[PDB]
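Take a look at the structure set out below.
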Amino acid sequence: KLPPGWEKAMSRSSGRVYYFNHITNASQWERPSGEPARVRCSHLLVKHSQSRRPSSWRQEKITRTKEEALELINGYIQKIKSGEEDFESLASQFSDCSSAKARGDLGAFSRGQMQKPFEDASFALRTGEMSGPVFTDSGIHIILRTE
Ligand SMILES: Cc1cc(CO)n(C)n1
């Protein structure tokens, strides 16, 4: 029926069907469009107190809860999707990763290199697409596939 990992869902508030991807946690009203050795992605990481290393260039001690970190991720996604803010701008300002200084760019990578949930979402994204919240041991990611 649908590309890898997509399924139909029903909006609780509107009754209109939509499409959810259980690998990338993307969700959209439009039916999804249309694997490479390498992909190139950027990401915006929000760390939390249970992160593998609860520190970052933004905060020596990251003390926010996973649920608080998810709410921050949800809000950033909202501003990206509404166009109030660009992914690159938010990543530079708020990503708890060292890649913030490169607007979240991680470069290209193969399978076997990243944390698995991150890897799977990256390779399930189509070029240009952005994930929903992706959970790894580092924290919570918004992933943007650029190549
Ligand atoms: C991790 C990581 C990767 C890169 C380069 O894009 N930075 C700055 N930090």
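Residues: numbered from 1 along the sequence shown. Both counts, for ligands and for their atoms, begin at 1 and track the order of listing.
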*Using a strict cut-off of under 4.0 Å between a residue heavy atom and any atom of ligand 1, list the qualifying protein residues by chain and number.*
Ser98, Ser99, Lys101, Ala102, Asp105
*Assess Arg38 against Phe109: is NZ or CZ under 6.0 Å from the centre of the six-membered ring, and within 45 degrees of the ring's axis?*
no
*Without swapping roles, check the side chain of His48 against the backbone of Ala69 for a donor-acceptor pair under 3.5 Å.*
no
Suppose we screen for salt bridge (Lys or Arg N to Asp or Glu O under 4.0 Å). Which residues come up paired with [X], at least two apart in sequence or across chains?
| X | value |
| --- | --- |
| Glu67 | none |
| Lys116 | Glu119, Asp120 |
| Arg40 | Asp105, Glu147 |

*Describe, in one word, how the ring planes of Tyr18 and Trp29 are oriented to each other, choosing from parallel (under 30°), tilted (30 to 60°) and perpendicular (over 60°).*
perpendicular
